[PDB]
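Data file: work-v4.cif. Format and content: mmCIF, C-alpha atoms and all ligand atoms; chains and numbers go by the auth columns.
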data_upload
#
loop_
_atom_site.group_PDB
_atom_site.id
_atom_site.type_symbol
_atom_site.label_atom_id
_atom_site.label_comp_id
_atom_site.label_asym_id
_atom_site.label_seq_id
_atom_site.Cartn_x
_atom_site.Cartn_y
_atom_site.Cartn_z
_atom_site.B_iso_or_equiv
_atom_site.auth_seq_id
_atom_site.auth_asym_id
ATOM 1 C CA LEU A 1 -10.588 12.576 -5.528 0.00 35 A
ATOM 2 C CA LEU A 2 -8.352 12.757 -2.429 0.00 36 A
ATOM 3 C CA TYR A 3 -5.864 15.548 -3.194 0.00 37 A
ATOM 4 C CA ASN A 4 -4.534 16.242 0.323 0.00 38 A
ATOM 5 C CA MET A 5 -4.059 14.851 3.852 0.00 39 A
ATOM 6 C CA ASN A 6 -6.988 16.751 5.414 0.00 40 A
ATOM 7 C CA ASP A 7 -9.289 15.494 2.637 0.00 41 A
ATOM 8 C CA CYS A 8 -8.308 11.961 3.691 0.00 42 A
ATOM 9 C CA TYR A 9 -8.988 12.468 7.406 0.00 43 A
ATOM 10 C CA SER A 10 -12.280 14.248 6.606 0.00 44 A
ATOM 11 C CA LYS A 11 -13.373 11.414 4.342 0.00 45 A
ATOM 12 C CA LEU A 12 -12.673 8.922 7.112 0.00 46 A
ATOM 13 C CA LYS A 13 -14.846 10.904 9.531 0.00 47 A
ATOM 14 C CA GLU A 14 -17.777 10.518 7.098 0.00 48 A
ATOM 15 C CA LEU A 15 -17.204 6.828 6.433 0.00 49 A
ATOM 16 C CA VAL A 16 -16.694 5.546 9.971 0.00 50 A
ATOM 17 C CA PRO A 17 -19.967 5.541 11.960 0.00 51 A
ATOM 18 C CA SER A 18 -18.146 5.867 15.324 0.00 52 A
ATOM 19 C CA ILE A 19 -16.278 9.080 14.389 0.00 53 A
ATOM 20 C CA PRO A 20 -18.273 12.175 15.414 0.00 54 A
ATOM 21 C CA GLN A 21 -18.681 14.846 12.738 0.00 55 A
ATOM 22 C CA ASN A 22 -19.847 17.692 15.008 0.00 56 A
ATOM 23 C CA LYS A 23 -17.186 17.867 17.690 0.00 57 A
ATOM 24 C CA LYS A 24 -13.420 17.951 17.706 0.00 58 A
ATOM 25 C CA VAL A 25 -11.630 14.669 17.229 0.00 59 A
ATOM 26 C CA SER A 26 -7.864 14.189 16.906 0.00 60 A
ATOM 27 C CA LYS A 27 -6.054 12.579 13.992 0.00 61 A
ATOM 28 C CA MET A 28 -4.947 9.916 16.490 0.00 62 A
ATOM 29 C CA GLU A 29 -8.546 9.148 17.443 0.00 63 A
ATOM 30 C CA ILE A 30 -9.483 8.947 13.766 0.00 64 A
ATOM 31 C CA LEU A 31 -6.779 6.341 13.135 0.00 65 A
ATOM 32 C CA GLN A 32 -7.922 4.210 16.083 0.00 66 A
ATOM 33 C CA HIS A 33 -11.614 4.292 15.131 0.00 67 A
ATOM 34 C CA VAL A 34 -10.666 3.461 11.538 0.00 68 A
ATOM 35 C CA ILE A 35 -8.680 0.485 12.760 0.00 69 A
ATOM 36 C CA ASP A 36 -11.538 -0.823 14.897 0.00 70 A
ATOM 37 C CA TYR A 37 -13.983 -0.260 12.074 0.00 71 A
ATOM 38 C CA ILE A 38 -11.865 -2.260 9.625 0.00 72 A
ATOM 39 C CA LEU A 39 -11.598 -5.155 12.082 0.00 73 A
ATOM 40 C CA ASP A 40 -15.407 -5.115 12.369 0.00 74 A
ATOM 41 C CA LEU A 41 -15.972 -4.976 8.588 0.00 75 A
ATOM 42 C CA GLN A 42 -13.503 -7.847 8.078 0.00 76 A
ATOM 43 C CA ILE A 43 -15.152 -10.242 10.548 0.00 77 A
ATOM 44 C CA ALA A 44 -18.497 -9.473 8.891 0.00 78 A
ATOM 45 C CA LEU A 45 -16.981 -10.134 5.465 0.00 79 A
ATOM 46 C CA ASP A 46 -15.275 -13.321 6.648 0.00 80 A
ATOM 47 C CA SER A 47 -18.671 -14.723 7.711 0.00 81 A
ATOM 48 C CA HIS A 48 -19.296 -14.926 3.946 0.00 82 A
ATOM 49 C CA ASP B 1 2.565 16.736 25.848 0.00 30 B
ATOM 50 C CA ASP B 2 5.322 14.421 24.707 0.00 31 B
ATOM 51 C CA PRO B 3 5.160 15.277 20.969 0.00 32 B
ATOM 52 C CA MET B 4 7.346 12.377 19.815 0.00 33 B
ATOM 53 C CA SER B 5 5.497 9.809 21.938 0.00 34 B
ATOM 54 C CA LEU B 6 2.140 10.637 20.359 0.00 35 B
ATOM 55 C CA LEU B 7 3.886 10.537 16.953 0.00 36 B
ATOM 56 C CA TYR B 8 5.338 7.061 17.586 0.00 37 B
ATOM 57 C CA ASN B 9 1.851 5.898 18.496 0.00 38 B
ATOM 58 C CA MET B 10 0.346 7.467 15.385 0.00 39 B
ATOM 59 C CA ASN B 11 3.112 5.746 13.498 0.00 40 B
ATOM 60 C CA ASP B 12 2.066 2.448 15.099 0.00 41 B
ATOM 61 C CA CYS B 13 -1.505 3.041 13.882 0.00 42 B
ATOM 62 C CA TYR B 14 -0.210 3.527 10.349 0.00 43 B
ATOM 63 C CA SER B 15 1.801 0.294 10.554 0.00 44 B
ATOM 64 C CA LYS B 16 -1.300 -1.599 11.736 0.00 45 B
ATOM 65 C CA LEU B 17 -3.290 -0.236 8.792 0.00 46 B
ATOM 66 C CA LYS B 18 -0.540 -1.559 6.526 0.00 47 B
ATOM 67 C CA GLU B 19 -1.250 -5.072 7.913 0.00 48 B
ATOM 68 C CA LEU B 20 -5.036 -4.752 7.777 0.00 49 B
ATOM 69 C CA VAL B 21 -5.328 -3.479 4.180 0.00 50 B
ATOM 70 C CA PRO B 22 -4.563 -6.128 1.494 0.00 51 B
ATOM 71 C CA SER B 23 -3.775 -3.566 -1.242 0.00 52 B
ATOM 72 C CA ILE B 24 -0.905 -2.189 0.900 0.00 53 B
ATOM 73 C CA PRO B 25 2.606 -3.726 0.451 0.00 54 B
ATOM 74 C CA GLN B 26 4.158 -4.574 3.843 0.00 55 B
ATOM 75 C CA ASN B 27 7.651 -5.445 2.688 0.00 56 B
ATOM 76 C CA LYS B 28 8.046 -1.843 1.522 0.00 57 B
ATOM 77 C CA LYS B 29 7.641 1.670 2.923 0.00 58 B
ATOM 78 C CA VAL B 30 4.523 3.599 1.937 0.00 59 B
ATOM 79 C CA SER B 31 3.678 7.219 2.731 0.00 60 B
ATOM 80 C CA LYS B 32 1.092 8.138 5.372 0.00 61 B
ATOM 81 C CA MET B 33 -1.077 9.750 2.718 0.00 62 B
ATOM 82 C CA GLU B 34 -1.002 6.749 0.386 0.00 63 B
ATOM 83 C CA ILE B 35 -1.882 4.540 3.379 0.00 64 B
ATOM 84 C CA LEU B 36 -5.027 6.617 4.096 0.00 65 B
ATOM 85 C CA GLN B 37 -5.938 6.425 0.377 0.00 66 B
ATOM 86 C CA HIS B 38 -5.706 2.608 0.356 0.00 67 B
ATOM 87 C CA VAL B 39 -7.678 2.597 3.610 0.00 68 B
ATOM 88 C CA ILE B 40 -10.467 4.760 2.174 0.00 69 B
ATOM 89 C CA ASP B 41 -10.883 2.608 -0.974 0.00 70 B
ATOM 90 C CA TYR B 42 -10.823 -0.577 1.053 0.00 71 B
ATOM 91 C CA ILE B 43 -13.523 0.626 3.504 0.00 72 B
ATOM 92 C CA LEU B 44 -15.677 1.728 0.555 0.00 73 B
ATOM 93 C CA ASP B 45 -15.282 -1.744 -0.990 0.00 74 B
ATOM 94 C CA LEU B 46 -16.198 -3.507 2.241 0.00 75 B
ATOM 95 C CA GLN B 47 -19.247 -1.258 2.642 0.00 76 B
ATOM 96 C CA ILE B 48 -20.541 -1.967 -0.881 0.00 77 B
ATOM 97 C CA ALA B 49 -19.846 -5.668 -0.314 0.00 78 B
ATOM 98 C CA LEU B 50 -21.761 -5.843 2.974 0.00 79 B
ATOM 99 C CA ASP B 51 -24.531 -3.373 2.115 0.00 80 B
ATOM 100 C CA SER B 52 -25.457 -4.743 -1.330 0.00 81 B
ATOM 101 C CA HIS B 53 -23.744 -7.830 -2.845 0.00 82 B
ATOM 102 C CA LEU B 54 -23.803 -9.971 0.278 0.00 83 B
ATOM 103 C CA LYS B 55 -27.547 -9.519 0.678 0.00 84 B
ATOM 104 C CA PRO B 56 -29.833 -12.469 -0.194 0.00 85 B
ATOM 105 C CA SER B 57 -32.068 -9.901 -1.914 0.00 86 B
ATOM 106 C CA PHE B 58 -29.263 -8.586 -4.156 0.00 87 B
ATOM 107 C CA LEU B 59 -30.393 -8.519 -7.790 0.00 88 B
HETATM 108 K K K C . -19.160 9.379 11.131 0.00 101 C
HETATM 109 K K K C . -1.279 -5.468 3.508 0.00 102 C
#
Rewritten as structure tokens:
Amino acid sequence: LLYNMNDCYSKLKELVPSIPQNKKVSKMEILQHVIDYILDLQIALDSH
Amino acid sequence: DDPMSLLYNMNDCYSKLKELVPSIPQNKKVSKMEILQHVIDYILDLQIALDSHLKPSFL
């Protein structure tokens, strides 16, 4: 379960292939990679 | 640094996520944390969809 804000950002780092998990990344960068990743997943989904 | 400028841009990212994620109501304000929660569930769904169900080999 996602109980706090940091748990949410950390989860997103795991889920999004393009977000590095072994160097520092900003919250802002996380949001942008998440956005791009969603756009990619949606076009793939739409193909079906 | 321009603290508020970066915050407005983060805020823009949050608003975009509101558009992208179906489960999120757009004609209503939603907290940043709830937005990330909807985002996480939605990405998980899309992954399961694309990784398993949408495969020809899916049983
Ligand atoms: K990752
Ligand atoms: K929406």
Could you list, as a PDB file with C-alpha atoms, keeping the file's coordinate frame, all residues that come within 9 Å of ligand K 101 (chain C)? Count only C-alpha atoms and all ligand atoms.
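Okay, out.pdb is ready:
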ATOM      1  CA  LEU A  46     -12.673   8.922   7.112  1.00  0.00           C
ATOM      2  CA  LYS A  47     -14.846  10.904   9.531  1.00  0.00           C
ATOM      3  CA  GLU A  48     -17.777  10.518   7.098  1.00  0.00           C
ATOM      4  CA  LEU A  49     -17.204   6.828   6.433  1.00  0.00           C
ATOM      5  CA  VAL A  50     -16.694   5.546   9.971  1.00  0.00           C
ATOM      6  CA  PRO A  51     -19.967   5.541  11.960  1.00  0.00           C
ATOM      7  CA  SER A  52     -18.146   5.867  15.324  1.00  0.00           C
ATOM      8  CA  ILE A  53     -16.278   9.080  14.389  1.00  0.00           C
ATOM      9  CA  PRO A  54     -18.273  12.175  15.414  1.00  0.00           C
ATOM     10  CA  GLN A  55     -18.681  14.846  12.738  1.00  0.00           C
TER      11      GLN A  55
END
I need the residue set behind the PyMOL selection byres (((not hetatm)) within 9 of (chain C and resi 102)) for this file; please write it as a PDB file with C-alpha atoms, keeping the file's coordinate frame.
ATOM      1  CA  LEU B  46      -3.290  -0.236   8.792  1.00  0.00           C
ATOM      2  CA  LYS B  47      -0.540  -1.559   6.526  1.00  0.00           C
ATOM      3  CA  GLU B  48      -1.250  -5.072   7.913  1.00  0.00           C
ATOM      4  CA  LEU B  49      -5.036  -4.752   7.777  1.00  0.00           C
ATOM      5  CA  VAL B  50      -5.328  -3.479   4.180  1.00  0.00           C
ATOM      6  CA  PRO B  51      -4.563  -6.128   1.494  1.00  0.00           C
ATOM      7  CA  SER B  52      -3.775  -3.566  -1.242  1.00  0.00           C
ATOM      8  CA  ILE B  53      -0.905  -2.189   0.900  1.00  0.00           C
ATOM      9  CA  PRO B  54       2.606  -3.726   0.451  1.00  0.00           C
ATOM     10  CA  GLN B  55       4.158  -4.574   3.843  1.00  0.00           C
ATOM     11  CA  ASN B  56       7.651  -5.445   2.688  1.00  0.00           C
TER      12      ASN B  56
END
Kindly list the centre and edge lengths in Å, rounded to one decimal, for the axis-aligned box that covers all listed atoms of stretch 37-42 of chain A plus 4 Å on each of its six sides, as JSON.
{"center_x": -6.7, "center_y": 14.4, "center_z": 1.1, "size_x": 13.2, "size_y": 12.8, "size_z": 16.6}
Q: Using the chain letters and numbering of this document, enumerate as a count of residues only the residues selected by the PyMOL selection byres ((chain A) within 9 of (chain B)).
A: 23
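Across the structure, atom CA of residue A:40 and atom CA of residue A:60 are spaced 11.8 Å apart.
Take atom CA of residue A:64 and atom CA of residue B:84: the distance between them is 29.0 Å.
Between atom CA of residue A:37 and atom CA of residue B:60 there is a distance of 14.0 Å.
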